[PDB]
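First comes one chain, alone, set out as structure tokens in the form solved without ligand URF.
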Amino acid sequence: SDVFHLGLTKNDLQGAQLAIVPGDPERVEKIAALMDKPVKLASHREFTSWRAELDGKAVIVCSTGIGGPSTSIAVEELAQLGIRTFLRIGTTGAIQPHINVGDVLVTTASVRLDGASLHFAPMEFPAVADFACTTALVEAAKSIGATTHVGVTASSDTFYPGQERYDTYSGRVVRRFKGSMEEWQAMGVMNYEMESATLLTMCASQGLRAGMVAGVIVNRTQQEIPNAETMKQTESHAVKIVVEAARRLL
């Protein structure tokens, strides 16, 4: 009630100025947990949010939920309240043979395959991650023992029919797409997400800092299938990483 969707007043941030924003409310409480004073702040549509304390400081944990459009809202919504640094988080599947399940990727920039990012800046402008927000992550990952990685991620507007795949009802991909996983695999792209380009682009084009840290929970181009526990735990290695990094970014 000062911004919509989120349903939060500027007084609900207790003076905060930074938000960690995953894309799922099941991580919000998990995330907020790893800190102290997590007084659930609200839940209003698909934008479920809390509020915690870190080094005696205000830091929020709000989600996104599939779709750069969906995302574009929460961040702007948030940003107009007080926040001005959107550390993101999440797991994923990489497209490189040398990259393992247990390693964590830190996205420097992204392939703008989404369509949403096109509302804050032309395509010639890059979906670039903030410098400090990138080093802060690498550190936080440089210190727990997580095989760090750094590069570019493809940010496409689709799960099955978009992300270059051929398993569904019909059996195709949009012309200009048909066979895109391969090509990127040759430009040194690491993973396949779906919100980064919007984020990076909508922060980079609007004088706002943001960083990204995922967690390889499976590598499609390899025999060996992942594991429940590995996935369960690994998921948390990514939790700590960012949680721990945000402190320096305050």
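Here the rigid core means the biggest group of C-alpha atoms that line up within 1.5 Å when the two forms are laid on top of each other. A residue's number is simply how far along the shown sequence it sits, counting from 1. Only residues modelled in both forms are compared.
There is also a form solved in complex with ligand URF; it is not shown, and the following applies to it.
At a distance of at most 4.5 angstroms from ligand URF in the deposited complex, none of the three residues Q17, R84 and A129 contributes a non-hydrogen atom. Of the residues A210, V28, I60, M194, just one reaches ligand URF in the deposited complex with a heavy atom at 4.5 Å or closer; this is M194. This chain appears without its partner; in the deposited complex, the one residue of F120, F125, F177, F159 with a heavy atom within 4.5 Å of ligand URF is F159. The stretch that touches ligand URF in the deposited complex, counting heavy atoms within 4.5 Å, is 210 to 218, out of 210 to 218, 49 to 57, 31 to 39, 180 to 188. Taking the partner from elsewhere, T92 is found to have a heavy atom lying within 4.5 Å of ligand URF in the deposited complex. The shortest heavy atom separation between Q163 and ligand URF in the deposited complex is within 4.5 Å. Among the candidates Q222, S43, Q206, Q185, the CA atom that moves 2 angstroms or more between this form and the one not shown after core superposition belongs to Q222 alone. CA of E193 to CA of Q223: closer by 3 Å or more in the deposited complex than in the shown form. For residues common to both forms, superposing the rigid core between this form and the one not shown reveals a single consecutive run of 3 or more with all Cα shifts of 2 angstroms or more, at 222 to 229.
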